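Participant: For reference, the structure I am asking about is given below.
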Amino acid sequence: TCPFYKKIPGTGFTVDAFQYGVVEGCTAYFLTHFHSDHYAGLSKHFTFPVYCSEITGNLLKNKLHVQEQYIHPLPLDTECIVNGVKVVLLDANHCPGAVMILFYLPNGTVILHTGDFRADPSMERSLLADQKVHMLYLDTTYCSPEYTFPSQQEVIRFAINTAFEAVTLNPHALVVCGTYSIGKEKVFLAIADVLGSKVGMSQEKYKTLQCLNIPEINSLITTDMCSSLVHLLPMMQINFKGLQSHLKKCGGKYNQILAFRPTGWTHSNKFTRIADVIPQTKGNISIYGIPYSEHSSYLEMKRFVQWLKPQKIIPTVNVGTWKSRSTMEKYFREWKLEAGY
Ligand code: NI
């Protein structure tokens, strides 16, 4: 049944709650972003109002064929009224079109639902600065102190420098980047930019990217693989077998692959700096695992929460085990006692 952490008290609202059939008493279904664990259950047969960002609304219409009459896109940073309740959508610094949602309940309670987010100090200057938030529904994906990772900027610098060096040393090397969802477009777009290439990809992935309102996108991507030396493939194919196979398909245009797998966290983060990352190599194929995250590190999450000073926190991630739940609640209490709220 629908878990309590997907329901907004004092409203008929749910958040990211599309796989439970008809949720009894739900008058509006919000969708924070277009990732499958969150949209699971939507299709052209859905006949209740869906509230979301413009970009998420483009993906619902074009990829899932949800009918236009049930899609209610809202502008960001704008006070809107939904079934008699004031709401605001804020940028979540996750994937394209991902939002956080502020609810202003008729009784005076204010609730922030982060959806999935990568906390950033820039959030401390949005419409959140203007009033008190009483309850926080928090993306706790990496809520433990072992989870450190570099900035997105440092990671993209590493990838750009690595790719440019490899291809300038060998003009017959191919660059391959893995993907299995929207998000992390900077990785492949920044590499293609330094190499003076467009990124080549399947028709399905090109269609997905054409929904994202990225500026000048027609100048950066293509379905013509032969004219591109940065290829995008399914994350599944980023392994030595899958890459050897792909190289056969390019007809001796290329004699080396350099491949990137933008993982979330991996335990080489506890020891190794970004400057010091090395690939796995077999023959003329090398694979780099790079820690490009679109979720908060533990320190980024802690700074956000200690700034916001919520009265109650409701985790939305890692909630399935008692040991996880208990550990998270211990961190929340530490943070509250250190900061004095
Ligand atoms: Ni997500």
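Labeling convention for the structure tokens: chains A, B, ... as they appear, residues from 1 per chain, ligands from 1 in order of appearance.
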To check your reading of the model: which residues sit at most 9 Å from ligand 1 when counting only C-alpha atoms and all ligand atoms? Write the answer as a list in words.

Facilitator: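 So the residues close to ligand 1 are residues 32, 33, 34, 35, 36, 37, 38, 94, 95, 98, 115, 116, 117, 182, 183, 294 and 295 of chain A.
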
Participant: Applying 9 Å and only C-alpha atoms, which residues near residue 129 of chain A remain after dropping the ones on its own chain fewer than 5 positions away? List them as a ChimeraX atom specification.

Facilitator: /A:123-124,308

Participant: Would you pick out the contacts of segment 12-18 of chain A at 12 Å or less, using only C-alpha atoms, so that residues sharing its chain but fewer than 4 positions from it are not included, and give the list as a PyMOL selection string?

Facilitator: chain A and resi 1-8+22-43+46-52+82-85+87+98-103+105+112-116+137+316

Participant: Counting only C-alpha atoms, give me one row per residue of segment 53-116 of chain A with an atom at most 8 Å from an atom of segment 210-227 of chain A, showing the shortest contact pair and its distance in Å to one decimal, sorted by chain then residue number, as JSON lines.

Facilitator:
{"residue": "A:55", "atom": "CA", "partner": "A:212", "partner_atom": "CA", "distance": 5.6}
{"residue": "A:58", "atom": "CA", "partner": "A:211", "partner_atom": "CA", "distance": 5.6}
{"residue": "A:59", "atom": "CA", "partner": "A:211", "partner_atom": "CA", "distance": 6.1}
{"residue": "A:62", "atom": "CA", "partner": "A:211", "partner_atom": "CA", "distance": 7.8}
{"residue": "A:96", "atom": "CA", "partner": "A:212", "partner_atom": "CA", "distance": 6.4}
{"residue": "A:97", "atom": "CA", "partner": "A:212", "partner_atom": "CA", "distance": 7.4}

Participant: Mind checking which residues fall within 12 Å of segment 319-333 of chain A, counting only C-alpha atoms, ignoring those fewer than 2 positions away in the same chain, and posting them as a VMD selection string?

Facilitator: chain A and resid 3 to 5 136 138 to 145 298 to 299 301 to 306 309 to 317 335 to 341

Participant: Have a look at A:318, A:131, A:281, A:286 and name the one nearest to residue 260 of chain A; count only C-alpha atoms.

Facilitator: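 The shortest atom-to-atom distance to residue 260 of chain A comes from A:286.
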
Participant: Please report the interatomic distance between atom CA of residue 194 of chain A and atom CA of residue 160 of chain A in Å with one decimal.

Facilitator: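 Atom CA of residue 160 of chain A lies at a distance of 6.7 Å from atom CA of residue 194 of chain A.
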
Participant: Give the helix (DSSP H, G or I) residues of segment 92-298 of chain A, as DSSP finds them on the backbone, and put them as a VMD selection string.

Facilitator: chain A and resid 121 to 125 127 to 130 152 to 169 185 to 195 203 to 210 217 to 219 225 to 227 235 to 237 240 to 249 267 to 269 298

Participant: Quick one: distance from atom CA of residue 261 of chain A to atom CA of residue 289 of chain A in Å, one decimal?

Facilitator: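 Atom-to-atom, atom CA of residue 261 of chain A and atom CA of residue 289 of chain A are spaced 4.8 Å apart.
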
Participant: With only C-alpha atoms as the atoms that count, which of A:296, A:107, A:162, A:244 lies nearest to residue 279 of chain A?

Facilitator: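 When distances to residue 279 of chain A are compared using only C-alpha atoms, the smallest one comes from A:162.
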
Participant: Residues at most 6 Å from residue 110 of chain A, counting only C-alpha atoms, excluding those fewer than 4 positions away in the same chain, as a VMD selection string?

Facilitator: chain A and resid 103 to 104 133 to 134

Participant: Excluding residue 122 of chain A and residues on its chain fewer than 6 positions from it, collect all residues at most 12 Å away from it, counting only C-alpha atoms, and give them as a PyMOL selection string.

Facilitator: chain A and resi 90-93+128-129+300+303-304+307

Participant: From the set A:81, A:250, A:66, A:88, which residue has the shortest atom-to-atom contact distance to residue 172 of chain A, counting only C-alpha atoms?

Facilitator: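 Closest to residue 172 of chain A of all the choices is A:250.
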
Participant: At what distance in Å, to one decimal, does atom CA of residue 263 of chain A lie from atom CA of residue 56 of chain A?

Facilitator: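 Going from atom CA of residue 56 of chain A over to atom CA of residue 263 of chain A, I get 23.1 Å.
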
Participant: Using only C-alpha atoms, pick whichever of A:228, A:67, A:237, A:19 has the shortest atom-to-atom distance to residue 253 of chain A.

Facilitator: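 Selected residue with least distance to residue 253 of chain A: A:228.
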
Participant: DSSP on the backbone, strand (DSSP E or B) only: what residues of segment 89-301 of chain A does that give? Format it as a PyMOL selection string.

Facilitator: chain A and resi 89-91+99-104+110-113+135-138+173-179+199-200+221-222+230-234+256-262+280-282+285-290
